[PDB]
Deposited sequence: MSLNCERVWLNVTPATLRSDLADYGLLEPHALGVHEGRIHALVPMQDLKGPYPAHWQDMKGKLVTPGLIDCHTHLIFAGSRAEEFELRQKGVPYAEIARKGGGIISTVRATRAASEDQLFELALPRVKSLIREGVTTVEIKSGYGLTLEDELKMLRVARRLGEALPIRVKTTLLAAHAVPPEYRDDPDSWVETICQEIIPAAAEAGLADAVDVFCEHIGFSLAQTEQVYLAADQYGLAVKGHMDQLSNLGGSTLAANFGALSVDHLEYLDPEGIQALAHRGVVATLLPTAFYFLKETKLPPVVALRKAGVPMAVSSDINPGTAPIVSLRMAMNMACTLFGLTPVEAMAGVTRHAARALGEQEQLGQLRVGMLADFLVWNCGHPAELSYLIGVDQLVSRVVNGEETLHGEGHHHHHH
């Protein structure tokens, strides 16, 4: 008893209780009020005519990119070129290069301009099969500019057939105006930005860049405390350049996830395992930054810590708008299997966004966010990159290709 039905689909359920991809024999998938209402093997059936026959095509949950900075203005391309040519970073920086140039360009960009700049980026993720994307602020570094980014994020979720989770990342770096008083900036975030963002219902979570050239463990704790007071979930950019113990702090605050982790240690891994925190791998940033210190994948696996994989789309360290390329890199650079990568962009990605109960698996009762592909096996999703392969892209039970 459901409005729409997809006949003859070969489901890669990605169910948490099923091995590998949770692939099953051909089934019939029916949706009711935006949710998967029923999953019945075809042998138990023998339509109406509005029922769509997929003729055995593979179906999977919609992909999820749980860590992006896709909203931004300006371009760091010229700066990159100069570096490749051999110009010292000091010269580039003294002339205002680096993350600050993105901040100035983004502050200067109007809300309408950021929206128009982000549209084409989100459309590329959409055609790859991404149905839920997380977008962070962090390039505003002022109360008005940080919320401006969050508003653009909400706008994208309303204008396009894709779910958007917003994350306040005001603690991405210390703005120029607070250069000599970092703690003053932290107070602003805690006493003004988080409260204003929460009051407007603009933030689903709060993030922090905890590092030596970022925010200290103490300053990071101040932020999580404020988030806590407004009932906002927390997460953080941890152990990317060094270990300050940030992952353990985040775990103690019930973080949804910790991201990067190149320098994560055993103690931290133990904390993550115990608090059920998701470890988010960002292979693209690792690639582009030409890093050599690999995240402790083997240890994370041994401890059973779920690992999500994300594109980390951002103008500074990962200018690649592709979730699937990230999956390919997680396998090639971090040694993940195609099945770990797939769970990394479904089941585990959902959990990293606090949506473990609603998305990421083809189970009765969960939201109807699924994809019908023209390729034969799910392993191919992490393998062949750059080709449009969607036959059907369903979000909340409704077709979105046309």
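- Gaps in the coordinates relative to the deposited sequence fall at 1-3, 50-51, 408-416.
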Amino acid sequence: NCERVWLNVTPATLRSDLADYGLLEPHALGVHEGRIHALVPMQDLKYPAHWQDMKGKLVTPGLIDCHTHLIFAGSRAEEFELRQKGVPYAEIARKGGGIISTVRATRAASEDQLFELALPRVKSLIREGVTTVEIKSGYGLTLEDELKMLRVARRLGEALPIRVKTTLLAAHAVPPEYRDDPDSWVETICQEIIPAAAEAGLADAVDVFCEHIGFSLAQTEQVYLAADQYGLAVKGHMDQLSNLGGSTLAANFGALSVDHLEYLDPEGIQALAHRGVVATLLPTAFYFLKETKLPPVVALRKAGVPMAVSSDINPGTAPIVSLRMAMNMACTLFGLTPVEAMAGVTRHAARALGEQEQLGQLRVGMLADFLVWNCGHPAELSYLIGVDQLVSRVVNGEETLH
From here on, numbers count along this sequence of modelled residues.
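- When the two stretches 57-65 and 31-39 are set side by side, the higher mean Cα temperature factor goes to 31-39.
- The mean C-alpha temperature factor is higher for 206-214 when 206-214 and 150-158 are set side by side.
- As recorded in the entry, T220 carries the highest CA temperature factor of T220, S322, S137, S75.
- As recorded in the entry, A271 carries the highest CA temperature factor of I313, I71, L282, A271.
- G344 sits in the lowest third of its chain by CA B factor, as recorded in the PDB entry.
- When the modelled residues of the chain are ordered by C-alpha B-factor, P338 sits in the lowest third.
- In the PDB entry, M307 places in the lowest third of its chain by CA B-factor.
- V130: CA B factor in the lowest third of modelled residues in this chain (values from the PDB entry).
- When the CA B factors of the chain's modelled residues are split into thirds, the value for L45 lands in the highest one.
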